[PDB]
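1. Need a 3D model of the sequence below.
(4 chains)
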Amino acid sequence: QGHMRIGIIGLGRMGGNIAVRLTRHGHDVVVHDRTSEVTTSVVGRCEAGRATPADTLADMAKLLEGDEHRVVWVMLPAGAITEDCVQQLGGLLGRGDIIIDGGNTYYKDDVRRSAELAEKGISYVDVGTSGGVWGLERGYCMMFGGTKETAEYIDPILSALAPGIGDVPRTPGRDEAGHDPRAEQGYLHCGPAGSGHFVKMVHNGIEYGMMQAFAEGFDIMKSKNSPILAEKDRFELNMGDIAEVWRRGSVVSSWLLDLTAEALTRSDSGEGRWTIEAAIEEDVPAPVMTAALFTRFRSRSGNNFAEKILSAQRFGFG
Amino acid sequence: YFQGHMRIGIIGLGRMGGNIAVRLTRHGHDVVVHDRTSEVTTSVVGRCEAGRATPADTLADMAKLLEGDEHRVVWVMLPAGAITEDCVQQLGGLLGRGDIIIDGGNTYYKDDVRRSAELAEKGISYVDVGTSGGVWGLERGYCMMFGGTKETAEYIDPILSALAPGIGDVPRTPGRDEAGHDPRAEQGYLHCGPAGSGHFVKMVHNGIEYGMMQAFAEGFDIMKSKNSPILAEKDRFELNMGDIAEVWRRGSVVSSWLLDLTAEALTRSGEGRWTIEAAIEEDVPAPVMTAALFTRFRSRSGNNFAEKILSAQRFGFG
Amino acid sequence: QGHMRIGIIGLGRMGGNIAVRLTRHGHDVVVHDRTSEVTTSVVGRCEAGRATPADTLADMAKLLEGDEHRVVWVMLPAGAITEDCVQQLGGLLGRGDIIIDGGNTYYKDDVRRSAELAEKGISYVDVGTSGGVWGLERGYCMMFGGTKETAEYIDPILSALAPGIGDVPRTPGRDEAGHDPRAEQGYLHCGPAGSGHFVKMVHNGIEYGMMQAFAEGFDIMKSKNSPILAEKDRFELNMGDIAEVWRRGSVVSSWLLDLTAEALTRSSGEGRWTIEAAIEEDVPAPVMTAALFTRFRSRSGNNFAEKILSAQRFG
Amino acid sequence: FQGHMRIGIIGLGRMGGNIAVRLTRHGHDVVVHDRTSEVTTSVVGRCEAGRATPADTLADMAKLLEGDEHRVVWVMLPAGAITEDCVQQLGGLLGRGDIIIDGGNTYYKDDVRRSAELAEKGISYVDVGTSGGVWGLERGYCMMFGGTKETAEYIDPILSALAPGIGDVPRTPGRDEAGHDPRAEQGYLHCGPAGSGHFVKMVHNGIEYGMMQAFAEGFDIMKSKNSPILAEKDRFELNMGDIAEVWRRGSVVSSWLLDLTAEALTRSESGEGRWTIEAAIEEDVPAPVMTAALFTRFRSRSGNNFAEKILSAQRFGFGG
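-> Residues are numbered from 1 along each chain as shown, chains lettered A, B, ... in the order given. Next comes the structure:
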């Protein structure tokens, strides 16, 4: 059997768990984060002799040396940190090396980085990783984009980070056709570099739409017992019992509903705007997603302006 | 202490009422079925286990053949509106004091509370049952949200637990019974409250369903339109909808029964308005569901008016 | 020839001003508010000797007695207050008397009240009054509903409060049949009782839509100099100068823009009823819906989704 | 200033020719040229005698404008490649000091790029968003322009001529203090460097589209209050024209759009908003009303039928 070696930059609640799961599947990791505390923490959390701490990115480039290609998975805050790290890695890594980006990066930035790194020979892969904390125990749903050769090369570590066939039944109609079978295992090559983060962005948009639908549904259910109604028109409904009964054989059953049922038994903001850009770039209406994000995408000045205008309308200046 | 089976009449033998009768017979219960079409009532008798389904020709024949039990239970699943109202009135005329009348259709919950009062005048117990599952519910169980008196709920508990999916393989939500909640919700059927609350919960359920469905719809639309010719090939991605839908079922946030239906389809009404009406009655904002409803409403005049105003703005009248 | 007499219940910044304007057009008013101080204050602001104060509603009903019908304009906080006042006036007033409702009442409530008061022989009129504080000097845009006979009866007291033909240029094509000419004066009989507050509701919807359009436009303008953009892609625009230049022959010139230009150089969820109308008639209203949900927000609906997302990414 | 100026005008459409006619009516001289010689001579005939000179080519008017301190050329052509080609041809023909005004609907980034390109040739570039349409010939054009302060102060006569003026529009209380551009009270405003004029014109068009859609759906609700979809007991047959008219007198919705709506209802009873939404996205600014107004202009062939297909499969299953 063969195992692979991956560097990992950014050791948060997803990068550290990615490293731990990679070590649990036999692979070697070279980890590094801004705070050495969490770096040593994930080194202690990984399998014995499978995680090596790196103090700098030069240290990681030195510790990834060897025959096979050096793959570096970057899970840093999206924005300037990720861009700086990717440029520094393009400076440090060699020809055949691979730069994977798992952050919440703009997909156009991924296309630009791939174009910039192809000149230096470095292959660039963009990965949207879904699962959060459970991915360490239940596998990560990964939508990635890159070259076919790099995808076939990096397939081992992705199949290690993937959930697998798991408990989910196969949907009828996936037989014999021209589909990517790896999709049934939790990870999918969506296309060239940038497509993985694009489909991750649309995935998050759908997630926010469903989340807001749940929010207003449960809010209607709660407000059915509000004082604004007559007692003869009130229902004191149990939110937890409804969220629990909905989990079994209903049209609304989902993972979001499982989270909702677990939460009800216990008691920036414009991240979606990129999606609606892709919506207006393609002349496709997206009213539900737009409303869902504008429930949380709010401007204080845009509101106090209109409020001052209305107060001047009905009360004047003084 | 219940170790036998029950006897229920069923009026309205469609693709859900007939499935309910067949599922009751497969679970040991006896049914007395009748429909407007004699062919289909004999058909659903032929679809049930031998000796467990008895055909009735009129509602009087059903009320007669159902005598003997402690309470005659009559489940009516007819088109909501005038048909179901006429049937409930005829049953209130035919049934006696102890008898129970269950309404499984998509009736307005206000009509449910009205019928409940009117039949409580005659001593007849009225129960409203929102049934979610569609055709699948025949084999996978029906998620049921029902409202009625507590005694009647305890009486019809066998048939509701029979039609329900059950505990199943779905994992229990941590923190459930420590607080002493309703355990029957863990089987797929929940007593929501007085008569009318079950159809209310089912209505909000279908509103959330429409919201999530529209979210998935515009998400996959934004995905498909990445390969539309309205963009330059420099800015196009030829994404595979089936592969994306399949990879999303493996531990992603958008994993849902709706996503299962969407994946299967890609590899191959009335209650949203009432939910928005309840939201208006309770002064709760529902942007996602309001937009999902406005996707159903389409006015060509709403845009033609503004376009004519703009044409007059930039071209004038005379 | 003659002048008319009106009772006024509710003397806020709108009722007191309509009373004062009615007195400035020669009409007599009988005023009353819950706080006696503001009642005796509205008295005195009116024309001398033409405004009389009332202490109770029975006192007003006694002070309105005479040959012609007793008209009572009610401008109270919409809800239970206005409903209770109208139900009291239904008992105090008699046959033929007129009850005007100027508050922000649900139009279905207006239809119901009209049906309830028609049995007692009392005519009911619903008036949506637009203008606010500016209407005292510039007249009130009034959209009312009631009986045609009642509409023709209260025409003097509405033409007094109306702005008139004014300096506003006439729109070409306004000399055919089926056109109410009084609409060119600022007051219009929309239809039966309830239609006035209905059209006022849609008017407020349009107002909020335009207000949010202005807000988003000026937001996009001011944020062109925000540090989130590179310096080579930034403009330091002047909000007041733009609001001023837009007043002179632009497509966006409006009264809202005039208020905006005066405010810039100076530096709950009631629209949902509109939405219900749009839902009842299968009419898409995306712009009004977005404008409303900018101001219509739910505490539980927001913190619930935020808790679900926090559970998703952190547990 | 006690004289008039001479300006060339390229693109004699329903606004370019009207701009030339309004400039000549205010005493200025114009040198006009269009691809169609017939409409060129027509615009010459529509202007005051001796104040409009026809030109057959761009070089002809470039030679006809010589002698002046700076040759000013106003271009109102279809935005895109036509205007770009014309502007670069003028950059090739005109010399250092001359002024190129762009009155079309050009993207403001194109304006800043053209300004940077022409500033190296010494040519001053100005972008002028012109609002008013065909009415501006009689009522004046609301102009939001961007350029250097020098070229702004130079072409100030022709802009103040095309502007509507102070007029009968009441002054805003509180405009007597310092720090304000007084020319804004005349109908034209220097917004900033080149490109800012078309930017604010774009935001202006976005607000226009928002208010237009608001009026549209409002009148739709009103008209549908008498729809057959409602019971007879819940219907109002409202008069749209009368409502639009009564709204013009001292209501909150009184506007020029309302005047156009009322004039249209007496007869029977657009790419700037997308770039405005793009600017809002670039600046992390929410624009719900404008985004909804834009989505009303889009049509989704699959967005609704896909959800309906999924629901049909939910309640009926996949047969085969």
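2. can you list the residues of the stretch 151-300 of chain A near chain C?
-> Residues of the stretch 151-300 of chain A that fall close to chain C, judged by C-beta under 8 Å from any C-beta of the partner chain: A:207, A:211-212, A:214-216, A:218-219, A:222, A:256, A:259-260, A:262-263, A:287, A:291, A:294-296, A:298-299. Placement of C-beta: from N, CA and C, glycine included.
3. Buried ones only from those residues, please, as a ChimeraX command.
-> One line in ChimeraX is enough to select the buried members of these, burial here meaning 16 or more other C-beta atoms under 10 Å in any protein chain shown:
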select /A:207,211,212,214,215,216,218,219,222,256,259,260,262,263,287,291,294,295,296,299
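4. so what's the residue in the stretch 151-300 of chain A positioned nearest to chain D up against?
-> Evaluated by C-beta to the nearest C-beta, the stretch 151-300 of chain A has residue A:285 as its residue closest to chain D, separated by 4.2 Å. The contact partners of residue A:285, taken as C-beta atoms under 8 Å, 6 or more residues apart in numbering or on different chains, are A:279, B:218, D:295, D:298-300, D:303.
5. Could you look up the SS state of it?
-> The local conformation at residue A:285, judged by DSSP: H, G, I helix; E, B strand; the rest coil, is coil.
6. Is chain C within reach of the longest strand that chain A contains?
-> Identified as the longest strand of chain A according to DSSP state E is strand A:123-130. No: in terms of C-beta under 8 Å from any C-beta, no part of strand A:123-130 sits within range of chain C; the closest distance is 9.3 Å.
7. how about the residues of chain A near chain D?
-> Among all residues of chain A, those adjacent to chain D (criterion: C-beta under 8 Å from any C-beta) are A:172, A:251, A:268, A:270, A:273-274, A:276-277, A:280, A:283-287, A:290-291, A:294, A:297-299, A:302, A:313, A:317.
8. which residues does residue A:186 contact?
-> Residues in contact with residue A:186 (C-beta under 8 Å, 6+ apart) are A:139-142, A:162-164, A:166, B:247, B:250-251.
9. Tell me the buried residues within those.
-> Once neighbours are counted (16+ other C-beta under 10 Å), the buried part of the contacts of residue A:186 comes down to A:139-142, A:162-164, B:247, B:250-251.
10. so the longest strand of chain A versus helix C:299-314, what angle?
-> For strand A:123-130 against helix C:299-314, the angle between stretch directions is 130 degrees (axes from the mean of the first three to the mean of the last three C-alpha atoms, to 10 degrees).
11. Which other helices and strands does strand A:123-130 contact?
-> The elements that strand A:123-130 packs onto, with contact taken as 3 or more C-beta pairs under 8 Å, 6 or more residues apart in numbering or on different chains; DSSP states H and E, are strand A:98-101, helix A:107-119, strand A:141-145, helix A:148-161, helix A:195-223.
12. For that strand, list the C-alpha coordinates in PDB.
-> Backbone C-alpha positions of strand A:123-130 (Å, rounded to 0.1, in the frame of the first residue of the first chain) are rendered in PDB as follows:
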ATOM      1  CA  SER A 123      -1.200  23.100 -10.600                       C
ATOM      2  CA  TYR A 124      -4.000  24.900  -8.700                       C
ATOM      3  CA  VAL A 125      -7.100  23.100  -7.300                       C
ATOM      4  CA  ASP A 126     -10.100  24.900  -5.600                       C
ATOM      5  CA  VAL A 127     -12.100  22.900  -3.100                       C
ATOM      6  CA  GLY A 128     -15.400  23.700  -1.500                       C
ATOM      7  CA  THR A 129     -15.600  21.600   1.700                       C
ATOM      8  CA  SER A 130     -19.000  21.000   3.300                       C
END
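13. Give the pairing partners of it; include direction for each.
-> Under the criterion DSSP bridges, strand A:123-130 sits next to strand A:98-101 (parallel), strand A:141-145 (antiparallel) in its sheet.
14. Show me the beta-bridge partners of residue A:7.
-> With DSSP bridges as the criterion, the beta-bridge partners of residue A:7 are residue A:30, residue A:72.
15. so who does it touch?
-> Contact analysis of residue A:7 by C-beta under 8 Å, 6+ apart lists A:29-32, A:54, A:60-61, A:63-64, A:70-73.
16. among the residues you listed, who's most crowded?
-> Neighbour counts for the contacts of residue A:7, by other C-beta atoms under 10 Å in any protein chain shown, peak at residue A:31, which reaches 32 neighbours.
17. What distance do you get for that residue to chain C?
-> With distances taken as C-beta to the nearest C-beta, to the nearest Å, residue A:31 is found 21 Å from chain C.
18. and stretch A:309-317, C-alpha only, in PDB?
-> Presented in PDB, the C-alpha positions along stretch A:309-317 are these (Å, rounded to 0.1, in the frame of the first residue of the first chain):
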ATOM      1  CA  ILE A 309     -36.900  60.800   5.200                       C
ATOM      2  CA  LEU A 310     -40.200  59.300   6.600                       C
ATOM      3  CA  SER A 311     -39.900  61.200   9.800                       C
ATOM      4  CA  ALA A 312     -39.400  64.400   7.800                       C
ATOM      5  CA  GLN A 313     -42.400  63.500   5.700                       C
ATOM      6  CA  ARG A 314     -44.800  63.000   8.600                       C
ATOM      7  CA  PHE A 315     -43.200  65.300  11.200                       C
ATOM      8  CA  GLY A 316     -41.000  67.800   9.400                       C
ATOM      9  CA  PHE A 317     -37.700  69.400  10.300                       C
END
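19. Sort out which residues of that stretch are buried, please.
-> If you call a residue buried by 16+ other C-beta under 10 Å, then stretch A:309-317 has these buried ones: A:309-310, A:312-313.
20. Need the winner for burial among the strands paired with strand A:123-130.
-> The highest average neighbour count among those, using mean count of other C-beta atoms under 10 Å in any protein chain shown, belongs to strand A:141-145 at a mean of 29.
21. starting at the chain centroid, how far to it?
-> 9 Å (C-alpha atoms, centre = their mean, to the nearest Å).
22. Stretch A:116-131 now?
-> How far stretch A:116-131 lies from its chain's middle: 16 Å, per C-alpha atoms, centre = their mean.
23. And chain A, what are its domain boundaries?
-> Recorded structural domains for chain A (assignment: curated CATH domains) are A:1-191, A:192-318.
24. got a list of what residue A:270 touches?
-> Residue A:270 is in contact with A:293, A:297, D:284, D:286, counting by C-beta under 8 Å, 6+ apart.
25. Please repeat the previous calculation with a cut-off of 7 Å.
-> A:297, D:284 (C-beta atoms under 7 Å, 6 or more residues apart in numbering or on different chains).
26. same check, this time on residue A:153
-> Counting by C-beta under 7 Å, 6+ apart, residue A:153 makes contact with residue A:69.
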